[PDB]
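Asks: Please see the structure below; I have some questions.
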Amino acid sequence: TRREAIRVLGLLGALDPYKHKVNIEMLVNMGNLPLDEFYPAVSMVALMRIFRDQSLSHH
Amino acid sequence: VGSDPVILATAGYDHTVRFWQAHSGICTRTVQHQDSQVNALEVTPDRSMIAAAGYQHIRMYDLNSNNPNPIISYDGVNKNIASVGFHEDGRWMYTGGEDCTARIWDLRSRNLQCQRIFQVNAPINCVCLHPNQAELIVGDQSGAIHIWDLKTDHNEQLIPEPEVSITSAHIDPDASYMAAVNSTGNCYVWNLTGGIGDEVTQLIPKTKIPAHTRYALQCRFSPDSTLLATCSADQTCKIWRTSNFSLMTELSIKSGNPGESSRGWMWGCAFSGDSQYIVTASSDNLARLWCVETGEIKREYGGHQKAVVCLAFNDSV
Amino acid sequence: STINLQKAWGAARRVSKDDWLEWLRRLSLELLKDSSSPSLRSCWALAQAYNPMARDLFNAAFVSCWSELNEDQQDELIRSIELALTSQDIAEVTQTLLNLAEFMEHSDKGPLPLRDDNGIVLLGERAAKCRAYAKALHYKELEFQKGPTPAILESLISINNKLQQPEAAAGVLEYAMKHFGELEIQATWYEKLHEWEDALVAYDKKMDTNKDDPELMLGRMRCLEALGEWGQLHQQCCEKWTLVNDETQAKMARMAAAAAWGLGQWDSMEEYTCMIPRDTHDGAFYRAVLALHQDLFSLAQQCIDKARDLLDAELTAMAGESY
Amino acid sequence: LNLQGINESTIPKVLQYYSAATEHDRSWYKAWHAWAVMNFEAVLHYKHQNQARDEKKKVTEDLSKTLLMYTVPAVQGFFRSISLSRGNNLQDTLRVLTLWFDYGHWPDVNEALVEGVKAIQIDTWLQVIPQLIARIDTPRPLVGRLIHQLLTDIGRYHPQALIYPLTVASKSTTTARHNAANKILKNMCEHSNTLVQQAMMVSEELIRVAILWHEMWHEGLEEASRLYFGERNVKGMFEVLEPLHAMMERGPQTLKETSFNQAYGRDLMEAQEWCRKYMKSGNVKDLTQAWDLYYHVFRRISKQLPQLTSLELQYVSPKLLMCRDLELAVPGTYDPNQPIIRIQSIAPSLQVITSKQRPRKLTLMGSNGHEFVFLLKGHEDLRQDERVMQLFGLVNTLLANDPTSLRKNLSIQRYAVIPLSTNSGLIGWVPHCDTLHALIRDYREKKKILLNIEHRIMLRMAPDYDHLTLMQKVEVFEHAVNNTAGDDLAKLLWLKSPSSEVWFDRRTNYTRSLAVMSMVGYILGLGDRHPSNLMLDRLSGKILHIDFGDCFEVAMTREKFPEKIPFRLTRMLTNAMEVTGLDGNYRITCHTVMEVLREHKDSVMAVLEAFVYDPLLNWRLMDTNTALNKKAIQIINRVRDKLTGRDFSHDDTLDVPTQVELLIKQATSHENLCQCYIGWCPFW
């Protein structure tokens, strides 16, 4: 299947990368806020990241 | 100052003109010059009064009396005055500025307005008086040299190199060779045809000397005409023998260490009475008296708060 | 509160990726526990269960700890980081440490002093190995700003080419030209920059001055192939065969076969292709081409299959980072 | 054409070649476009030749016959070329407008024009709406009636593309322009009348917001004081003051106007009374009393001005607060293809920016739910910016067409500009951007670095810098640059960037956009690029230019503090690019852009010529001077020399790489840089 994938890729032609292109914050937090305010900010961002989705059902 | 046979006036951005003594090197007196700096100092051939060129005004201070006010302040000009000439008779004063109009002034006449005007295209950067007292050399930012005849007003425009600013130009007293210098650092030399009445004054290019790599500020022939000093922004005042155009002596004020940036430009050259010594100004606020043959600082002048941009020297008896 | 920290620092007994990953997890959890900020210290229990929580809070916890340390635990931690980066380097741990270093550079504290010069060289090597070419270019540019060297220029050109910036690499070459003249510029720079004509001139003059060498011969031949002057390439190949050792012969065979194919000399083409190693994609491709010329279609199909099998690795490695 | 050139002999042979080419291929766009361009060029050449010979009876009639014979083929070819192109017809449409406005008074040319107008689709004319409206009051009735009919059709189909400039025209001081605008508007009203009424009320209220009565008094009194105490022009004094009193005579209309009349209205009426007493008597004691009252109210409004930080619609204009779900389209947003984004509501609060002009910050809400922020500019003409933006649109189209430019992702950042009057107008507010001056100031304040460190250093070395000569200036500038680390922009860019990958992408975009705008600006003759006049995008990193007030070498022509720098290329930007310098992305992008623009010199020339020959924009040239036609021809020739490459030396043609190198040397030259005004920040 690796061979067939490579073969079909060659058959379809080596697409120009530009043609492929046309076919297709925490650091900022530190840069803006001082450390004392930054610590709760990053903490809350990560906690919300866990808070959404089904990982919350575990944590 | 005036009584002393040797006059050495030095000034810069500090609004003062200081007359040093060659034998000692002590500031004899200072003259206030407000409202601007001075762009060029020159002593009249008669030695009666010095002249200071600044911005929009041409001041002339007395040389014999001490602590005088400006006797004459020729106003009515704009856009600075780069340099000033002086007729050997002492009647006509030649000046040039950035307004592209060289002006002729009559010291004896009261009239504030100038006498003759030569307008050019680019701002005038230097003016030099031919020893024959019949032609005026005028440079410009465009690099076109102009030879203004004082009798026929027939100006011959010559441009050694297109689109380079010419900064200074001088002719030896014997009218043998003329040197001109531009911001590229080249030193153009022209042979002078032996013509006075015919006014042909044909310039024959002799040699193009790569004098400097950076901006070259001023040049001047020695009285004996065998020597030609050349200053530049490289902080090296190079000296060339007229016969061969070779660097016999290189007067440098470099720190001798890579860890030093923009020590100070050097734009001053004045040969001694017999060309033994040479007075050189610098942006280090320190003028220096060098020995031509050896190349050593015999004496050093200090006391200026700001950069030194002008000089004066005269050994006339 | 620095005993387990020191144990984690000076352990240096990991011989596997999972071992170093466990070290990273222990370091992150200990940093959270020792963090002065109670907001950070409160997430230690959650981070124990969930690894992304520790990873996200890694930078902030490190900043808090590093600010707390009185320059001596700082020295010890810096030395431990140097040991981790230099020895037993691993992609994930290296990327995490590089992100830490970038975060510190961004912060007002300043970059972490690593083996002097803030570890500009070591971080550059690590970023290049982990294929963080943006970080590699940044660190190499800082090294250039500290001082320009031909090696720095060469590395800059390589990084820019790997970053798809031929214009920037050409600017680098222009800077090299203006500052170092011509001698310091190796023809390999033109070869990387695809300035094949200039490379050809450089190789010609180097061959004229310095005695003929296998490396210069191979470089000029590569430029010849890139231009397409099959006549000159084949002339050089025929002229220099018995004068060539076996390793340089193996490197020769590929370009010689390309020239022979371009000119239509099939006998020479077979001679060179037999010399091309079989374990090369080019070798398999040229063997298949000869099979097609001789109408050996079954062997051609088998050889093409082998060529694809070999191309597996190269295609996977290159497709791993962008298209 | 390349070999022989242009002269009497060449034209018939070239015309035969192009006519035969068109006959051999009717549907080919290139053949028809070339034939039309050749005929138009021949018309211009014959006109210039007759101007040079005859001016410097029968000959005039012969020229009329020859030009008429050359014109109709040009018109027909241009119309067919537009129809064939269908999308890239900006140059051909502008050429059609030039021929129409020049020789449309002739019956034969008018017949060709009307036939071509009937054949051509109406959508094309949307591109040149400002050009059409620039000549609404053309003296020639034959051309005027056809223009009016065309605009009537434009009103019938896509009315939203005409309502704004029609509204601007309706309120013009000159009688003919407003007469023609109202004549078109009455015909349009029979179609809708609702877009009409909404546009009128919107424009009036927006102008009222843009300039407030107290602000009008402040500026008028400033000019009045300059006239009297400076120039002693009492008659001009009364001429300047009287329109404000005439605007008082309307009476208050909003809460702000009522409050102003209560506070200052009595004093102003008293001052007018004393002025009238002076008029009938001529007494210094009579005039000085009005002067005392004027200065009193001037001081009061001067004190009040800083406090006007924000404006609420309920005071300034309750009508805009009333506006809800307007069919009137958002300015600068209508597109014939995309759905109309009509205004839903206007925000109640406008945040006035504390600047010299005090521009408002208007923000509309569209029917799609996306906010559209704009800046309300007062007492500044925006027609020039509109023409510049049209040129930028053409250049963007050319760059998109070019494969190399499209590959490199080269483009010009542009914002919607909508003139509202000769004084005020609307400017599209670009988000996520900040002036370079603001970035530098913020970084230096963060790093505890003195904001004017370079100026302080140069002043300390030489207090008389402004009066120093050239060599003293350059020495002072070099000392300041050497003794200062010019890496503020690069350092702040690196710090602002979140990660190194985004940092590199941002830097690449910054360098490419800077090169593109530098080359386009040089061709356009754009100067006065001080750091506040160009903005850096904090997300994409692309460079944006604003305030195209001076163009076509105005800064070079003006005697006071002349600018010798074709485009801003300061050392801080140079450091902000790659460590190598200009030799990489900047130079290569400049090569590509200059090559593309030199390729499409005909299109660039057509766009430039249209709004250079536009009468409404000749006041700039007249102000620069110290007649009109010679100045326009001279500037067009200068830009033509720029595009051809003969600008540096008339005799010698220059290739793209050599010209780019010379431009870079001129921009980076210390001698050329130290002439720039200190506020332009050459040291930065």
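The residue numbers of chain B are those assigned by Swiss-Prot, with the residues present covering 8-324 sequentially.
If you're wondering, the header gives electron microscopy, 3.7 Å.
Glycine is no exception: its Cβ is also placed from the backbone N, Cα and C atoms.
Here's the feature list from Swiss-Prot:
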- B:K86: SUMO3 cross-link (CROSSLNK)
- B:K215: SUMO3 cross-link (CROSSLNK)
- B:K245: SUMO3 cross-link (CROSSLNK)
- B:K261: SUMO3 cross-link (CROSSLNK)
- B:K305: SUMO3 cross-link (CROSSLNK)
- B:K305: ubiquitin cross-link (CROSSLNK)
- B:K313: SUMO1 cross-link (CROSSLNK)
- B:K313: ubiquitin cross-link (CROSSLNK)
- B:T51: phosphothreonine (MOD_RES)
- B:126-165: repeat 'WD 4' (REPEAT)
- B:168-207: repeat 'WD 5' (REPEAT)
- B:268-309: repeat 'WD 7' (REPEAT)
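Set these features in their place in the structure for me.
Replies: DSSP classifies B:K86 (SUMO3 cross-link) as coil under the three-state reduction.
Long-range neighbours of B:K215 (SUMO3 cross-link) (same chain, six or more residues apart, CB within less than 8 Å of its CB): B:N193, B:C194, B:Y195, B:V196. Mapped onto three states, the DSSP output places B:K215 (SUMO3 cross-link) in strand.
In this structure, B:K245 (SUMO3 cross-link) is part of a beta strand by DSSP. Cβ neighbours of B:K245 (SUMO3 cross-link) (same chain, under 8 Å, six or more residues apart in sequence): B:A218, B:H219, B:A236, B:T237, B:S239, B:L254, B:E257, B:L258.
Under the three-state DSSP scheme, B:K261 (SUMO3 cross-link) falls in the coil class. Residues within less than 8 Å, Cβ to Cβ, of B:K261 (SUMO3 cross-link) and separated from it by at least 6 positions along the same chain comprise B:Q242, B:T243, B:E267, B:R270.
Mapped onto three states, the DSSP output places B:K305 (SUMO3 cross-link) in strand.
Other C-beta atoms found within 10 angstroms of the C-beta of B:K305 (SUMO3 cross-link) number 13, with every protein chain shown included.
The DSSP secondary structure for B:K313 (SUMO1 cross-link) is coil. Counting every protein chain shown, the Cβ of B:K313 (SUMO1 cross-link) has 19 other Cβ atoms within 10 Å.
For B:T51 (phosphothreonine), the Cβ neighbour count at a 10 Å cut-off comes to 19, with all displayed protein chains included.
Remote same-chain residues near the repeat 'WD 4' (B:126-165) are listed as 86, 89-96, 101-109, 171-178, 180-182, 185, 187, 189, 203, 206, 208, 210 (criterion: CB distance under 8 Å, separation of at least six residues from the stretch ends).
Assigned with DSSP, the residues of the repeat 'WD 5' (B:168-207) fall into helix, strand and coil as follows: 0 helix, 18 strand, 22 coil.
Non-local neighbours of the repeat 'WD 7' (B:268-309) in the same chain are 15, 17, 19, 27, 29, 32, 224-227, 229-231, 233-234, 236-244, 246, 256-258, 260-262, 315-320, 322; each lies 6+ residues outside the stretch with a CB under 8 Å from one of its CB atoms.
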Asks: Relative to the Cβ of B:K86 (SUMO3 cross-link), which residues of the same chain, six or more apart in sequence, are found under 8 Å away?
Replies: B:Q63, B:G104, B:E105, B:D106, B:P130
Asks: Sub-8 Å Cβ contact with chain D: please pick out which of the recorded sites B:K86, B:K215, B:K245, B:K261, B:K305 have it.
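Replies: In terms of proximity to chain D, the recorded sites that count are none, since no Cβ is under 8 Å.
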Asks: Pop the Cα-Cα gap between B:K305 (SUMO3 cross-link) and B:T51 (phosphothreonine) into the table, whole Å please.
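Replies: Rounded to a whole number, the Cα-Cα distance is 27 Å.
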Asks: Treating G and I as helix alongside H, and B as strand alongside E, what does DSSP give for the repeat 'WD 4' (B:126-165) in helix, strand and coil?
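Replies: Here the numbers are 0 helix, 17 strand, 23 coil.
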